[PDB]
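Below is one structure, written out as structure tokens; comments come after it.
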Amino acid sequence: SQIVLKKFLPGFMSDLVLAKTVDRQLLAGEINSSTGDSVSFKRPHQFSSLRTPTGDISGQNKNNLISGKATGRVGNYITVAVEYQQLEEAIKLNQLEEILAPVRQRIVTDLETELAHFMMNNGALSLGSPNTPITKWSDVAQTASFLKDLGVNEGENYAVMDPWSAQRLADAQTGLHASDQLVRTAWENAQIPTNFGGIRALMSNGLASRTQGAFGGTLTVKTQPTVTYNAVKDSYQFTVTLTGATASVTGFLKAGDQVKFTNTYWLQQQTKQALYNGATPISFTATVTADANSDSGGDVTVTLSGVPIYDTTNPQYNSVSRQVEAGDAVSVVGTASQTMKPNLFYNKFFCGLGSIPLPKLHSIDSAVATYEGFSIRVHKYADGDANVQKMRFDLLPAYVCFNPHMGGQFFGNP
Amino acid sequence: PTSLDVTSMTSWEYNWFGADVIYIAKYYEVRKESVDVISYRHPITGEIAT
Amino acid sequence: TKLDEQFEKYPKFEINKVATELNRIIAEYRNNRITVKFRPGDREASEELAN
């Protein structure tokens with residue numbers, strides 16, 4: 001109890017895959033000191049045609065040109081700060097290079113936890129029932145099939161899952177009949193290949209977990225919402241009111257819950273035709289953005305990401321077969337209040353990420369540390385004359401979501 | 001993006017201020033590779049030419 | 001030390017006395033620089049080849 005080794009014992013580490021897979025190309029060095037507190041990108045255009053049998057018709061009802069935007073902003077500071085006594089610190093730690101190791105890992109872990117929360121809060125698409133886990137090959141093939149069905153072409157599509165589910169897929173792979181390479185690989189190393197079912201599958205232990213939130217009663221819409229393109233051309237979000245809920249409960253709908261509209265179906269975006277899931281048409285779904293409570297009378301005002309545009313003056317921007325109107329029937333996926341760790345699937349051009357460099361603080365010594373391409377700025381000072389040293393680590397992220405209709409959550413289904 | 005090799009070799013009793021350094025490494029390999037050779041046997045100006 | 005409600009530091013002078021011999025060695029090398037030389041053999045054209 002007197003001799004002490006200098007070498008710190010090994011600890012536990014998470015993994016960093018989400019920041020690697022997300023898009024870091026378009027938004028990089030664009031939030032400068034001149035741009036401001038936000039930056040915007042453009043949106044593609046869409047057109048519709050007419051069907052008439054005559055040619056000298058130079059005067060008719062033409063199209064219209066509407067320009068959209070996608071805005072990306074900055075987030076809050078990721079700060080870790082310690083106060084200590086420099087003598088007890090430097091008994092065995094000179095230059096404070098030992099405290100560095102478990103700090104950058106904490107910073108990047110929190111960064112990816114926030115990124116996963118943001119992605120699962122802003123994703124729109126949903127698949128499978130939340131209860132059932134992933135067990136078979138169709139559970140991972142369906143994500144790529146649905147992504148191809150919607151119509152996304154330019155980009156690359158990825159899916160991320162927990163360690164146990166991969167194990168089950170490798171176990172199922174061990175039972176193959178003719179591929180010796182796959183059978184031997186799964187038998188020995190229990191690792192699944194890269195291209196699994198047409199989509200790149202990834203294994204991650206660091207993944208956010210969420211709670212459903214209590215709800216009860218056959219919900220239904222009350223007032224017809226506004227889902228025109230002139231309204232939703234800048235945010236792709238819309239606010240809707242729900243009636244017929246439970247009398248008065250706090251936290252009726254949490255952030256990330258999926259609300260499904262039964263009688264409004266998805267559309268193949270280019271050809272503007274309904275989608276058939278082999279046996280039954282696919283219904284529309286949206287994601288709750290902010291926590292919503294319920295007041296007396298069961299009125300819930302909720303903001304959803306992903307909009308069912310049915311503009312009647314600009315048909316070219318439709319994305320749903322029929323307009324949702326008052327008296328429709330809606331549901332909420334999952335059970336009452338369980339906690340689960342969802343699985344993600346997304347396109348490359350769904351959510352971006354960036355970092356903002358920070359200038360050195362005046363008359364205070366500082367340094368910069370790089371970790372997975374993220375620069376953390378550390379400042380040291382000695383305010384207070386009671387051997388009170390203070391070191392602070394700072395990093396500033398920036399987020400942007402391009403199109404909500406290119407990602408979401410997926411589970412297994414019975 | 002810029003991802004750099006991490007060694008944590010320096011900063012050992014040293015103050016760092018330059019955030020504009022990225023460490024890139026050249027990697028050397030030696031292999032035994034089986035190559036086919038051609039033997040030109042022109043009689044004029046030396047015969048064997050491998 | 002704490003030293004009556006302050007943080008006055010110890011004086012740490014520096015008298016470099018170990019660099020003289022290193023400088024002497026470096027100067028001795030730079031005075032007589034050396035390079036690679038190719039020596040001939042016991043053949044007719046080895047001299048021209050080495051040249």
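Letters A, B, ... mark the chains of the structure tokens in the order given; residue numbers begin at 1 per chain; ligand numbers begin at 1, in order shown.
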
Please identify all residues of chain B having at least one atom at most 6 Å from any atom of chain A, considering only C-alpha atoms, and return them as a VMD selection string. chain B and resid 2 to 3 13 16 to 17 19

Go ahead and write the residues just picked, C-alpha atoms, as a PDB file, in the first residue's frame.
ATOM      1  CA  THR B   2      -8.267  15.634 -41.563  1.00  0.00           C
ATOM      2  CA  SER B   3      -7.475  12.584 -39.427  1.00  0.00           C
ATOM      3  CA  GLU B  13       6.906  18.941 -20.628  1.00  0.00           C
ATOM      4  CA  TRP B  16       1.542  23.501 -27.475  1.00  0.00           C
ATOM      5  CA  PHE B  17      -0.098  26.356 -29.379  1.00  0.00           C
ATOM      6  CA  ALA B  19      -3.360  23.821 -34.084  1.00  0.00           C
TER       7      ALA B  19
END

Can you tell me, as JSON, numbers by chain, what residues are no more than 12 Å from residue 5 (chain C) when counting only C-alpha atoms, ignoring any on the same chain fewer than 3 positions away? {"A": [384, 385, 386, 387], "C": [1, 2, 8]}

Write the residues you've just listed into a file as a PDB file, in the first residue's frame, and include N, CA, C and O atoms for each of them.
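Full text of again.pdb as output:
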ATOM      1  N   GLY A 384      -8.263  32.640  -8.214  1.00  0.00           N
ATOM      2  CA  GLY A 384      -8.296  32.204  -6.832  1.00  0.00           C
ATOM      3  C   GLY A 384      -6.929  31.753  -6.357  1.00  0.00           C
ATOM      4  O   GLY A 384      -6.276  30.940  -7.019  1.00  0.00           O
ATOM      5  N   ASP A 385      -6.486  32.263  -5.212  1.00  0.00           N
ATOM      6  CA  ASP A 385      -5.132  32.036  -4.716  1.00  0.00           C
ATOM      7  C   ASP A 385      -5.100  30.995  -3.602  1.00  0.00           C
ATOM      8  O   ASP A 385      -4.350  31.123  -2.632  1.00  0.00           O
ATOM      9  N   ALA A 386      -5.917  29.950  -3.728  1.00  0.00           N
ATOM     10  CA  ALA A 386      -5.931  28.844  -2.779  1.00  0.00           C
ATOM     11  C   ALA A 386      -5.489  27.538  -3.432  1.00  0.00           C
ATOM     12  O   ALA A 386      -6.085  26.485  -3.191  1.00  0.00           O
ATOM     13  N   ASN A 387      -4.439  27.598  -4.257  1.00  0.00           N
ATOM     14  CA  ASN A 387      -3.998  26.464  -5.071  1.00  0.00           C
ATOM     15  C   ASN A 387      -5.159  25.903  -5.889  1.00  0.00           C
ATOM     16  O   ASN A 387      -5.325  24.690  -6.029  1.00  0.00           O
TER      17      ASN A 387
ATOM     18  N   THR C   1       6.206  28.815  -3.455  1.00  0.00           N
ATOM     19  CA  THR C   1       5.611  28.681  -2.137  1.00  0.00           C
ATOM     20  C   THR C   1       4.486  29.692  -1.994  1.00  0.00           C
ATOM     21  O   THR C   1       4.308  30.580  -2.831  1.00  0.00           O
ATOM     22  N   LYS C   2       3.717  29.543  -0.916  1.00  0.00           N
ATOM     23  CA  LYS C   2       2.571  30.419  -0.708  1.00  0.00           C
ATOM     24  C   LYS C   2       3.043  31.829  -0.362  1.00  0.00           C
ATOM     25  O   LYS C   2       2.572  32.815  -0.936  1.00  0.00           O
ATOM     26  N   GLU C   8       5.007  33.588  -5.274  1.00  0.00           N
ATOM     27  CA  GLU C   8       6.350  33.816  -5.789  1.00  0.00           C
ATOM     28  C   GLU C   8       7.062  32.493  -6.045  1.00  0.00           C
ATOM     29  O   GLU C   8       7.028  31.577  -5.219  1.00  0.00           O
TER      30      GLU C   8
END

Taking the DSSP assignment computed from this structure's backbone, write out as number ranges by chain all residues of chain C that belong to helix (DSSP H, G or I). C: 19-31, 46-50

Selection file, C-alpha atoms, as a PDB file, in the first residue's frame:
ATOM      1  CA  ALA C  19      27.595  22.154 -25.105  1.00  0.00           C
ATOM      2  CA  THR C  20      31.279  23.026 -25.622  1.00  0.00           C
ATOM      3  CA  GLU C  21      32.427  19.452 -26.273  1.00  0.00           C
ATOM      4  CA  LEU C  22      29.439  18.758 -28.523  1.00  0.00           C
ATOM      5  CA  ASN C  23      30.246  21.878 -30.547  1.00  0.00           C
ATOM      6  CA  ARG C  24      33.876  20.760 -30.750  1.00  0.00           C
ATOM      7  CA  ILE C  25      32.820  17.346 -32.083  1.00  0.00           C
ATOM      8  CA  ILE C  26      30.481  18.912 -34.645  1.00  0.00           C
ATOM      9  CA  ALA C  27      33.184  21.333 -35.804  1.00  0.00           C
ATOM     10  CA  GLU C  28      35.703  18.492 -36.064  1.00  0.00           C
ATOM     11  CA  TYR C  29      33.304  16.600 -38.319  1.00  0.00           C
ATOM     12  CA  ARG C  30      32.483  19.615 -40.495  1.00  0.00           C
ATOM     13  CA  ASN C  31      36.195  20.349 -40.947  1.00  0.00           C
ATOM     14  CA  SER C  46      36.944  -1.848 -63.393  1.00  0.00           C
ATOM     15  CA  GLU C  47      38.783   1.490 -63.229  1.00  0.00           C
ATOM     16  CA  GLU C  48      36.525   3.098 -65.841  1.00  0.00           C
ATOM     17  CA  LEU C  49      33.454   1.539 -64.232  1.00  0.00           C
ATOM     18  CA  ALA C  50      34.387   2.930 -60.815  1.00  0.00           C
TER      19      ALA C  50
END

Mind checking which residues fall within 7 Å of region 225-237 of chain A, counting only C-alpha atoms, ignoring those fewer than 4 positions away in the same chain, and posting them as a compact mmCIF listing (two decimals) with C-alpha atoms, in the first residue's frame?
# COMPACT_ATOMS: atom_id res chain seq x y z
CA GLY A 68 -36.57 25.93 -51.02
CA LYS A 69 -33.90 26.08 -48.35
CA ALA A 70 -32.23 23.83 -45.79
CA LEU A 304 -43.82 16.57 -36.38
CA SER A 305 -40.87 16.22 -38.75
CA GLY A 306 -41.70 15.01 -42.23
CA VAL A 307 -44.60 16.63 -44.06
CA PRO A 308 -47.37 15.01 -46.19
CA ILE A 309 -47.47 17.68 -48.89
CA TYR A 310 -50.67 17.63 -50.96
CA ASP A 311 -50.57 21.07 -52.56

Find the spatial neighbours of region 197-206 of chain A, counting only C-alpha atoms, within a cut-off of 9 Å - ignore same-chain residues fewer than 5 positions away - and output them as a list in words. residues 14, 15, 16, 17, 18, 109, 112, 113, 137, 138, 140, 141, 142, 143, 144, 145, 156, 157, 158, 159, 160, 161, 162, 163, 165, 166, 192 and 345 of chain A

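Using only C-alpha atoms, the nearest neighbour of chain C within the list A:87, A:320, A:26, A:124 is A:87.
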